[PDB]
């Protein structure tokens, strides 16, 4: 209370990303360098966006799977505030990313996309990780996987373990009431903001509905 709003910049080039930021940067709390942008442009995307929007939290959605220390340091030397580690990373990778995060006063989020287990979730807590991103995969969504009660149950379980939980994955405005009454940290929207006829109205509607559902 209130859940923040994060825009995902899943763009292949910086100029494509800026078509969105130039409209909605001030309409959101967190600016994400999407994995698609990380791979498209590399870590310069993190450096550039933080330089443009230093007052915003910048998330480097690098989905680190190994070399936690090296990749985390690259992101944080580019001035990221937060970085993601994919759920299957070895626990030493997550720990390493977090050690480096702490040098920069940043933070690590575990990206829960695809396969993971409740035992891994406990390991993350024991290592001092305090953020997870409960993510429906884009590809799972495209094969017809809807949000369901099992998601709500799992989100609540993660919250109860002590994680600040981010909810994402093809979120539409209408999805937001599903999560009512859960202390969600952040809602991410990429396509439903970037690709809206009016990105400004789409971001303000997200913010409106959040304020209504968590006032």
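Numbering follows the first chain given and starts at 1.
Look at the mean CA B-factor for 141 to 149 and for 101 to 109 in the entry; the higher one is 141 to 149. The stretch with the higher mean CA B factor, choosing between 85 to 93 and 116 to 124, is 116 to 124.
Take 173, 59, 37, 52 and read off each C-alpha B-factor from the entry; 173 has the highest. Across 177, 68, 169, 42, the entry's maximum B-factor at the CA atom is seen for 177. Ranked by C-alpha B-factor against the other modelled residues of its chain, residue 155 falls in the middle third.
Ranked by C-alpha B-factor against the other modelled residues of its chain, residue 207 falls in the highest third. Ranked by Cα temperature factor within the chain, residue 165 sits in the middle third according to the deposited record.
Compared with the other modelled residues of the chain, the Cα B-factor recorded for residue 186 ranks in the lowest third. Residue 213: CA B factor lies in the highest third for its chain, per the PDB record.
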